[PDB]
Amino acid sequence: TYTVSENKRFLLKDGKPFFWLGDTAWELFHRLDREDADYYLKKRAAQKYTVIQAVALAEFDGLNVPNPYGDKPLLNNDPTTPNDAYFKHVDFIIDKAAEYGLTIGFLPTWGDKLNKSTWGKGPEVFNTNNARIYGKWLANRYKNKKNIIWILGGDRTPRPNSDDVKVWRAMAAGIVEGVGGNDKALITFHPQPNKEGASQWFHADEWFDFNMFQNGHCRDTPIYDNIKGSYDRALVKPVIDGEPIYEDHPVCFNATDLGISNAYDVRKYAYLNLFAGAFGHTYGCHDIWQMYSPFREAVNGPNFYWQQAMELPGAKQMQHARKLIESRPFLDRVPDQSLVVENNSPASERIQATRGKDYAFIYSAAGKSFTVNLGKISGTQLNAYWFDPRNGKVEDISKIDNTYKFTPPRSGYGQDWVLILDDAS
């Protein structure tokens with residue numbers, strides 16, 4: 001179903017351009033019964049999402065705390081012997097998401113089942129032997145599903161001088177064996193924050209189909225450099241932010257001094273990642289991924305129970321980013337910072353520009369004015385517009401000869417605007 005584009009910068013769904021729009025639902029299989037999961041999936045489909053990242057061996061004591069129907073995932077906590085009773089619910093949620101046109105970003109396991117670290121519950125069960133057997137059992141079970149994109153890892157940097165990299169590579173094999181070829185599965189890796197993303201360990205790996213980042217969860221960080229670093233690699237492979245700052249998440253993991261994120265944050269992450277080269281974007285909400293509920297232990301102070309948190313504003317605004325990207329020639333899009341004079345503004349007021357051949361999007365993060373170099377896209381005249389990332393509306397500026405300074409309608413904190421340039425022909 002899912003392949004890399006011919007230009008090796010985007011993903012396809014049955015040959016056609018596929019826009020990755022993700023919601024982060026780590027504990028979906030772990031904490032949502034059949035009625036809950038139908039409720040969550042039907043709503044997210046209405047909001048124009050396409051990817052749902054979820055974890056089979058969840059983070060919240062995923063092995064020893066059973067799913068809503070009382071079943072644990074691994075018989076004797078042994079990865080070589082998964083519990084078919086638990087994965088019957090995994091089958092249900094995968095098939096339900098397919099009914100809503102939703103692709104599951106499937107994480108075979110959270111990282112704490114390999115490396116607990118100081119905060120993980122674990123217990124650690126994976127080695128280089130059972131990871132492959134585990135990966136094969138999953139790949140053989142779902143080799144005929146058409147709405148699965150595989151996601152190894154889970155918030156754990158491979159420990160130096162360890163078997164961690166080997167374990168993930170062994171799990172990638174067996175997955176590839178289970179489905180029957182590198183072509184029969186799309187696979188990436190979810191990392192902890194770093195400067196190279198998952199590509200730090202797996203970029204040259206034949207099974208590694210596209211790089212993924214965890215940019216965040218801070219404010220004013222130059223996330224465009226992280227995307228650019230993977231885009232400018234001589235080995236061309238697509239790139240995406242698999243975990244930006246979450247809505248209703250403590251800023252920089254420091255709520256005491258810095259409080260809680262806002263919708264402006266999730267929009268800045270979404271547009272800066274996309275305009276720097278990302279083929280899509282995964283949205284996340286602190287309340288959603290952990291499925292915040294009064295009857296289950298939470299972490300890191302979520303504020304909205306998950307049914308309400310689905311209606312948060314940042315969740316509702318990602319469809320505007322989807323609408324914007326799909327309006328113009330998809331495969332021709334490229335990051336081009338030479339499109340403006342102020343190509344290296346600070347993150348808080350970043351001017352980030354993307355373009356194809358007959359169009360150009362330029363994101364002004366704090367609504368500051370920018371001057372655009374006009375020798376860059378085709379045409380002798382160019383249409384100009386403003387696109388409101390909060391509501392998705394568009395307003396006309398003028399038609400300009402193809403060097404020119406533009407001013408967003410408003411400027412200041414929360415006044416992010418994107419300029420739409422179009423070949424008049």
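All Cβ positions, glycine included, derive from the backbone under ideal geometry; neighbour counts span all protein chains shown. Throughout, read-outs are computed from the coordinates displayed, never taken from laboratory work.
Residue-wise, which Karplus ³J(HN,Hα) couplings in Hz belong to segment 152-159, taking 6.51 cos²θ - 1.76 cosθ + 1.60, θ = phi - 60°, and x for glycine or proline?
Along segment 152-159, the couplings run 6, x, x, 6, 9, 5, x, 5 Hz.
Do me a favour and compute the ellipsoid semi-axes for segment 195-298 from its Cα gyration tensor, root of five times each eigenvalue, largest one first, whole Å.
On the way: eigenvalues 149, 50, 25 Å².
So the equivalent ellipsoid measures 27, 16, 11 Å along its semi-axes.
Among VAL341, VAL4, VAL51, rank each residue by its count of other Cβ atoms within 10 Å, from fewest to most, as a rough exposure measure. Write down the numbers at each step before the final one.
On the way: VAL341 12, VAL4 17, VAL51 28.
Lowest count first: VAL341, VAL4, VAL51.
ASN76 versus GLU99, label points 7 Å from Cα toward the beta carbon: distance in nm?
Reported label-point gap for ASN76 and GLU99 is 3.7 nm.
Within segment 281-347, list the chymotrypsin sites (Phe, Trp or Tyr not before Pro) lying in a DSSP loop whose Cβ has at most 11 other Cβ atoms in a 10 Å radius. Could the numbers behind the result be given before it?
Working: sites: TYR283, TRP289, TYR292, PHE295, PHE304, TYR305, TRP306, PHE330; in loops: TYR292, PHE295, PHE304, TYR305, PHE330.
Answer in residue order: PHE295.
State the Cα centre-to-centre distance between segment 166-183 and segment 276-304 in whole Å.
29 Å
Within segment 175-248, list the GluC sites (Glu not before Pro) lying in a DSSP loop whose Cβ has at most 16 other Cβ atoms in a 10 Å radius.
Numbers: sites: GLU177, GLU196, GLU206, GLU247; in loops: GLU196, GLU206.
Counting only loop positions with at most 16 other Cβ atoms within 10 Å, the GluC sites (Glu not before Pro) in segment 175-248 are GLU196, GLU206.
Using 12 Å as the cut-off for backbone N distance, which residues of segment 59-87 belong to the label zone defined by a point 7 Å from the Cα of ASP163 along Cα→Cβ?
none
About the Cα centre, and with charges only on the beta carbon of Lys, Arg (+1) and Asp, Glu (-1), how big is the dipole of the chain? Nearest 20 debye, please.
On the way: 50 positive and 52 negative charges, 125 e Å.
Magnitude of the dipole: close to 600 debye.
With each label point set 7 Å from Cα along the Cα-Cβ vector, what nm distance links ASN391 and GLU35?
That separation, rounded to one decimal, is 3.8 nm.
Taking 0.36 nm per residue of separation and subtracting the Cα-Cα distance, what length does fully extending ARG233 through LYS195 add?
Working: separation 38, 0.36 × 38 = 13.68 nm, distance 1.30 nm.
Going from the current span to full extension adds 12.4 nm.
Could you work out how far apart the two model spin labels at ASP332 and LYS16 are, taking each label as a point 7 Å from the Cα in the direction of the beta carbon, and quote it in nm?
2.0 nm
Which far-off residues, 5 or more places away or on another chain, put their amide H under 5 Å from the one on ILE260, with H placed in the peptide plane?
Here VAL251 satisfy the definition.
What residues qualify as long-range amide H neighbours of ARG355, i.e. H under 5 Å apart, gap of 5 or more or another chain, H built at 1.01 Å from N?
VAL334, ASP336, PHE361
For segment 275-425, how many pairs of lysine residues have a Cα-Cα distance under 24 Å, where the two are 8 or more positions apart or belong to different chains?
Number of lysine pairs found: 17.
Based on the Cβ-Cβ distance of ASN373 and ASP225, what FRET efficiency does E = 1/(1 + (r/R0)^6) give at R0 = 30 Å, to the nearest 0.05? Present the calculation step by step, with values, prior to reporting the outcome.
Working: r = 21 Å, r/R0 = 0.70.
Calculated transfer efficiency: 0.90.
Which loop-located chymotrypsin sites (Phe, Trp or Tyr not before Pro) does segment 1-99 contain, where loop means any DSSP state but H, G, I, E or B and the Cβ has at most 13 other Cβ atoms within 10 Å? Could the numbers behind the result be given before it?
Numbers: sites: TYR2, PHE10, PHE18, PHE19, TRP20, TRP26, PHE29, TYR39, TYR40, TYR49, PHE60, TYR69, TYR86, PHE87, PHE92; in loops: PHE10, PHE18, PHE19, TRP20, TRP26, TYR49, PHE60, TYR69.
Filter output for segment 1-99: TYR69.
Efficiency by 1/(1 + (r/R0)^6): what FRET value for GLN307 and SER5, r their Cβ-Cβ distance, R0 = 35 Å, to the nearest 0.05?
Values: r = 37 Å, r/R0 = 1.05.
It comes out at approximately 0.45.
May I have the extent of the alpha carbons of the chain along their three principal axes, as whole Å values ordered from largest to smallest?
Computed over the Cα atoms, the extents are 69, 44, 42 Å.
Starting from one equal scatterer on each C-alpha and no solvent at all, send me the Debye-based log10 I(q)/I(0) for segment 52-162 at q = 0.10, 0.14, 0.21 Å⁻¹, two decimals.
Computed log10 I(q)/I(0) values: -0.28, -0.55, -1.22.
State the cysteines of the chain left without a partner when partners are defined as other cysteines whose beta carbon lies under 4.7 Å away.
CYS285
Near the amide H of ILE148, under 5 Å away, which other amide H atoms are found, from residues 5 or more places off or on another chain, if H is placed in the peptide plane?
The answer is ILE104.
Under 18 Å Cα to Cα from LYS16, which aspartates and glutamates show up? Leave out anything in the same chain fewer than 8 places away.
Result set, ordered by chain and number: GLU6, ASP183, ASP209, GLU326, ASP332.
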